[PDB]
Structure formats: C-alpha cells, structure tokens
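Chemist: show me how the following folds:
(2 chains)
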Amino acid sequence: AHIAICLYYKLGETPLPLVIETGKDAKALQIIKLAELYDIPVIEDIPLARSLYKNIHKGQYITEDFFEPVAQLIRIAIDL
Amino acid sequence: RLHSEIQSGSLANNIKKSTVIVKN
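Modeler: Residues are numbered from 1 along each chain as shown, chains lettered A, B, ... in the order given. What follows is the structure:
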C-alpha cells in the first residue's frame, strides 16, 4: 500500500543516482519520517515510486529507463 | 549490466545523506 524509495546522487561520487534505501508500509512511513527529520525532499510520484520499487533493488544504481525521470525528480527536489 | 554499491550503513544515516525520497 505504501512505498518509499531513497535516492542518493553526488556529482563525481555516485556515477548515477543510487537507490540507497527502500521501504514498504511501516518502513516506508519510517523513511518519510526520517526524511522530514533530516530535511530531505519528499515528492509523491506514484508511477515512478512503483516502477523503481519493482525494478531497482536497495544498493543498486538506476538503469537507463529511469535516467530521464529521475533527472527531473532530482531537479525538482533541488529547489524546492 | 547491473551496477551496485552494496555496502552501506544504517537506515538513519542513508536517509540523512539522501538527495530525494519518492513515494507513492
């Protein structure tokens, strides 16, 4: 019912956006908690969260299908 | 070919360095 996907990107350190953490239900809520604790942007994107969850594992860099949408997610998150 | 950076720390710390969280 509830998904959260945590992406990490730092220029010159992560070659691509990295899914560092994922969570469903209780752990999804925890992540969206902890993201508010540390002031990390949370964006609701149902199709992107669901496809990332189904395709990209924890600890895995995003694949080619996700480059454009995650680029846009990150730009939107940047400011905010 | 799949690409991983599989070792990492705690749930709290991973989030604190995170860039964006996407949810449904």
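
Chemist: residues in contact with the spatially most central residue of chain B?
Modeler: Centroid-nearest residue in chain B, with CA atoms, centre = their mean: residue B:14, separated by 5.2 Å. By CB atoms under 8 Å, 6 or more residues apart in numbering or on different chains, the residues touching residue B:14 are A:6, A:8, A:20, A:21, B:8. For the C-beta atoms, the positions are set from N, CA and C on the backbone; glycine is no exception.

Chemist: do that again at 6 Å, thanks
Modeler: Contact analysis of residue B:14 by CB atoms under 6 Å, 6 or more residues apart in numbering or on different chains lists A:20, A:21, B:8.

Chemist: from residue A:68, how far off is the second one?
Modeler: Applying CB to CB, to the nearest Å, one obtains 23 Å for the distance of residue A:21 from residue A:68.

Chemist: returning to what we had before: pretty sure the residue nearest to the centre of chain B sits in a helix.
Modeler: Yes: counting by DSSP: H, G, I helix; E, B strand; the rest coil, residue B:14 is located in a helix.
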